[PDB]
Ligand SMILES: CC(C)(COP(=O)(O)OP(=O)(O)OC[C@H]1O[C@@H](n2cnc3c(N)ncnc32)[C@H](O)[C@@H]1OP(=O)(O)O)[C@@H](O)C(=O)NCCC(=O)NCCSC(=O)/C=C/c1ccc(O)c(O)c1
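Below you'll find only one chain, the form solved without the named molecule, shown as structure tokens.
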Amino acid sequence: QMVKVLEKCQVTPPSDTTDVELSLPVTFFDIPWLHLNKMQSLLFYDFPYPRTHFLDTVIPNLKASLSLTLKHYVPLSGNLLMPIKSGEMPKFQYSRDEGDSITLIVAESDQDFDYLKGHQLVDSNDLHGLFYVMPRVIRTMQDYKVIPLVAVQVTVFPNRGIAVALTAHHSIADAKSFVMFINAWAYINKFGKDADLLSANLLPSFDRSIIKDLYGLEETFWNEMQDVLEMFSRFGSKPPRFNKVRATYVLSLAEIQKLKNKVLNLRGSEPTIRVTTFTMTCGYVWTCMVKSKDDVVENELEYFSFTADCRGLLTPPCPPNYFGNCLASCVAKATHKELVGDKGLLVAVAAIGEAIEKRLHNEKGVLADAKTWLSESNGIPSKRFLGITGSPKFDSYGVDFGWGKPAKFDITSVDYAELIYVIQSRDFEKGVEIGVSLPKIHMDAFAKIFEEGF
């Protein structure tokens, strides 16, 4: 590692313009995600300015803007409170009398910045190295442990660029919500204290009185998770040495059409299939991902799990800007023989759409079968699995602290699993950037089959 830390500090919300306390409940949507304490989000920026300007001006204004935007995102300055004793339930808490506050790390790195941001093969470890390791438990009260929610590590590459590296506990925000926060923080820094986050649709909602647990999912989800939380809680927070490299792929909207029509042409008349930019991009990626395994050296089932934002399907109406987890587990299944065969792309896209219709588009309600979300996931062999985090809906390249849009946005937390992430493309309007992570021998296999599909 060539990352040297310059300063560690604490960012609090504004004093005397906040409540001394804010307690927040743990809805049944948040419970599946309680054991995941890393939802990393890296953002590289071109910054052709002297390290002096960085420290003199850039760090203050970020420290400054972060404080202001915290008065609208208060829970992010608090912690998660995990129960130590049976019969108590988790919660979120911000106590200003505890000096609750996000840890900012001011760092300086001496690596090649144009390398760390590129789309060509990038060592995944170099990327995890730019993130601060949040503690597992910052203090133990008498009912619950206190687990931190957010830390950011700003890191300068002198005369090259800046890398903003955030780390959120997955209990407090899903992909949509966490990107809203990053975009408010950027927005208030760029424009200033008199920045209208409401008008910009970057104003959260923490009211969960309208989140109602009508199917008793909260009780069921807690008890299934009990086993998981014990096992996964004893993982020291340091990033393991990943034997995985990162590569980045870009599809135009037109290259999605070349995939769309490829599916339509493959005589997908028989049953009409739903063909969207999302189901396309996964469909094609999953198909390549399955084939890559073979070229490295069966006829079992391959699974592809993804999340879906229920905020729009809930009842009562749940605000679009509701902050927190609000996701649905979807698991496509398909035959290895079929996904690698002549109709592989067509099989995959059909499979992914057939998973949303039974789950999300379940014409009986989203939560109708939700007592099963937690018990399908575990029935996936780790050997036959693909996952996708993020969504083209989220404005990942709109995070502009005042230096321009980002050079790259990397959901770095993918390496912890057989995952890919799909992000709004930076340079193409309705395109997508697909972040893939694989060992290099494997990764070469992927890209080959990825290139050949056109």
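Numbering starts at 1 and runs along the sequence shown.
Greater mean Cα temperature factor according to the PDB record, 43-51 or 424-432
That would be 424-432.
Which has higher Cα B-factors on average according to the PDB entry: 433-441 or 11-19?
Mean B over CA atoms: larger for 11-19.
Of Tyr397, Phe29, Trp403, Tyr416, which one's C-alpha B factor is largest in the deposited record?
Of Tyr397, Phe29, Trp403, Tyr416, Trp403 has the highest C-alpha B-factor.
Check the PDB entry and point out which of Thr307, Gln142, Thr103, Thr281 has the largest C-alpha temperature factor.
In the PDB entry, the greatest C-alpha B-factor among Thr307, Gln142, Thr103, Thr281 is found at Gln142.
How does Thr167 rank on Cα B-factor within its chain, lowest, middle or highest third?
Its C-alpha B-factor belongs to the lowest third of this chain's values.
Ranking every modelled residue in this chain by its Cα temperature factor as given in the entry, which third contains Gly324?
As the PDB entry reports it, the C-alpha B-factor of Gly324 lands in the lowest third of its chain.
Ranked by Cα temperature factor within the chain, is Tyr187 in the lowest third, the middle third or the highest third?
Middle third - that is where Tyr187 ends up once the chain's C-alpha B-factors are sorted.
Looking at the C-alpha B-factor of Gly365, is it in the lowest, middle or highest third of its chain?
Highest third - that is where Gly365 ends up once the chain's C-alpha B-factors are sorted.
Cα B factor band for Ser233 (lowest, middle or highest third within the chain)
As the PDB entry reports it, the C-alpha B-factor of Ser233 lands in the highest third of its chain.
This protein has a second form, the form deposited with the named molecule bound, left out of what is shown; the following refers to that one.
Hey, in the entry with it bound, is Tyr132 touching the named molecule, heavy atoms inside 4.5 Å?
Contact check for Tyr132: no, nothing within 4.5 Å of the named molecule in the entry with it bound.
In the entry with it bound, is there a heavy atom of the named molecule that lies within 4.5 Å of any heavy atom of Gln40, even though the partner is absent here?
Judged by the heavy-atom cut-off of 4.5 Å, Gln40 is in contact with the named molecule in the entry with it bound.
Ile59 within 4.5 Å of the named molecule in the entry with it bound, heavy atoms:
No - in the entry with it bound, heavy atoms of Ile59 and the named molecule never come within 4.5 Å of each other.
Does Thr389 make contact with the named molecule in the entry with it bound, using a 4.5 Å heavy atom cut-off?
Close contact exists here: in the entry with it bound, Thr389 approaches the named molecule to within 4.5 Å, heavy atoms only.
Just to be sure I understand the contacts: of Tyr187, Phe178, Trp373, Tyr249, which is the one whose heavy atoms reach within 4.5 angstroms of the named molecule in the entry with it bound?
None of the other options qualify; the answer is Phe178.
Answer with one of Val275, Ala355, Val74, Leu217: the residue that has a non-hydrogen atom within 4.5 Å of the named molecule in the entry with it bound.
Exactly one residue meets the criterion: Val275.
4.5 Å heavy atom contact with the named molecule in the entry with it bound for all of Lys291, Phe385 and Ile423
Checking in the entry with it bound: none of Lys291, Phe385 and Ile423 is within 4.5 Å of the named molecule.
Option from 227-235, 107-115, 170-178, 193-201 whose residues, in the entry with it bound, bring a heavy atom within 4.5 Å of the named molecule:
Only one stretch passes the 4.5 Å heavy-atom test: 170-178.
Would you mind checking 327-348 for residues with a heavy atom within 4.5 Å of the named molecule in the entry with it bound?
The stretch 327-348, when checked against the named molecule in the entry with it bound, contributes only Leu327 at the 4.5 Å heavy-atom cut-off.
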